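Chemist: Have a look at the structure that comes next, please.
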Amino acid sequence: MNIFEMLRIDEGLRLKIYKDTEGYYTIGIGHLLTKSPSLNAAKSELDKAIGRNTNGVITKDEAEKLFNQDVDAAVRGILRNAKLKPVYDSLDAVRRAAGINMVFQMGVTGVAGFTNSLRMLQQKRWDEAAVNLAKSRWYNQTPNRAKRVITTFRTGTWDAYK
Ligand SMILES: [Cl-]
Ligand SMILES: [Cl-]
C-alpha cells in the first residue's frame, strides 16, 4: 500500500466527466475541473489539461497522468506551506500519506486552518488528534472516507485500507 493506491481507493476512477460529492465537475481519479456550474466550462478545462479536444472523455493513461501530477502537486503544496511542512516532516511515512490524502481532497488552504489538529499531530497525541479531526464538516460530509483517514493517523498502519 501507498499514497497512490490509497487515493485510488478513496476517489475511484471515472473516464467521463462527473460531479463529485460537492457537485463539482471532475474526472479521472478525483481530478477537479472547475467549481463553476457550466459543463462547457468544464470541458474547456479538461481539454486544456489534456492537451487535446477530448469531448469529455479521456483514457486511463490520461487519467493516470493527471493523477500523478495531482499527487505531486499536493506534496509540493505541503512543502511550501509554513504551517504544514513542519508537521509533515515530523511524521512517519504512513501518516504522511494520510496528510497527503487530506490535502489532495481539500486543498492547502483547506487542511491549513485545522490548527489544533496540527498541533496535536505534531505532538504525536494520536487519539486526541483523532477526536479533534472528527469535529469537522469534512467528517460530517464524508464520513466513511474521513474515518479511513483518521484511523490512519491514529494507528500509523494501513488497516483501514485492508
Ligand atoms: Cl491540469
Ligand atoms: Cl465518505
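Per the header of the entry, the method used was X-ray crystallography, 1.9 Å.
The backbone N, Cα and C atoms fix where each Cβ goes, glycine too.
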Chemist: For the substrate site that Swiss-Prot assigns to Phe104, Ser117, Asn132, which of the candidates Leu32, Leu33, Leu39 is also assigned?
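Modeler: Swiss-Prot names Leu32 for this substrate site.
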Chemist: For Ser117 (substrate binding site), list the number of other Cβ atoms lying within 10 Å of its Cβ atom.
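Modeler: By my count, 23.
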Chemist: What subset of the binding-site residues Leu32, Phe104, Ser117, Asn132 lies within 10 angstroms of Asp20 (active site, proton donor/acceptor) at the C-alpha level?
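Modeler: Checking Cα-Cα distances against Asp20 (active site, proton donor/acceptor), the binding-site residues within 10 Å turn out to be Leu32.
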Chemist: List, in sequence order, the same-chain residues at least six positions removed whose CB sits under 8 Å from that of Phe104 (substrate binding site)?
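Modeler: Spatial neighbours, sequence-distant, of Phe104 (substrate binding site): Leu7, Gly30, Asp70, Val71, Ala74.
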Chemist: Return one of helix, strand or coil for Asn132 (substrate binding site), based on DSSP.
Modeler: helix
